[PDB]
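# structure for the following, please:
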Amino acid sequence: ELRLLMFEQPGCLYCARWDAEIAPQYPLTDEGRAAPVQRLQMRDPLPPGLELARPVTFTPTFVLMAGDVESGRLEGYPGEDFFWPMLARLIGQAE
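Numbering: from 1, shown residues only. Below is the structure in question.
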């Protein structure tokens, strides 16, 4: 019941970097398969039933959901080598 919500907005260069660098590999990796990604726009209303710990104020933000509730989040994308182990900490903490 893990999912990774990725919050984006128009003109976000760091979203576009993640989309080019991580997104293609993501569903093909163990991590990606453990927490499938779903993109949303920061300024839209949330999909119904989804409970966040606090508003999304930065893009990209990646929120790890356990069922319908935020377990943890990563804000920003400083590069591939930052993304993977930080996401792994979140996945570990959700179980």
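# the chain: helices as residue ranges?
In the chain, the segments counted as helices under DSSP state H are 13-21, 30-34, 80-94.
# tell me the helices and strands packed up against the last one.
The criterion is 3 or more C-beta pairs under 8 Å, 6 or more residues apart in numbering; DSSP states H and E, and the helices and strands that helix 80-94 contacts are strand 2-8, helix 30-34, strand 61-66, strand 69-75. C-beta: built from backbone N, CA, C; applies to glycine.
# partners of the third one, with directions?
This means strand 61-66. Its sheet considered, strand 61-66 pairs with strand 2-8 (antiparallel), strand 69-75 (antiparallel) by DSSP bridges.
# show me the contacts for residue 94.
With contacts defined as C-beta atoms under 8 Å, 6 or more residues apart in numbering, residue 94 is in contact with 2, 64, 66, 71, 72.
# highest neighbour count among these?
Highest neighbour count within those: residue 64, with 21 neighbours (other C-beta atoms under 10 Å).
# how close does it get to residue 41?
Separation of residue 64 from residue 41 (C-beta to C-beta, to the nearest Å) stands at 19 Å.
# and residue 10, by the same measure?
From residue 10 to residue 41 the distance is 8 Å (C-beta to C-beta).
# could you do residue 88 as well?
Here residue 88 is placed at a distance of 26 Å from residue 41 (C-beta to C-beta).
# cool, residue 68 as well?
In terms of C-beta to C-beta, residue 68 sits 19 Å off from residue 41.
# for residue 86, same thing?
In this view, residue 86 and residue 41 are 23 Å apart by C-beta to C-beta.
# more neighbours, those two?
residue 86 (15 against 12).
# so what's the residue count around the closest residue to the more buried one other than its chain neighbours?
For residue 86, ignoring the flanking residues on the chain, the nearest one in space by C-beta to C-beta, 6 or more residues apart in numbering is residue 74 at 5.2 Å. Counted with other C-beta under 10 Å, the neighbours of residue 74 add up to 19.
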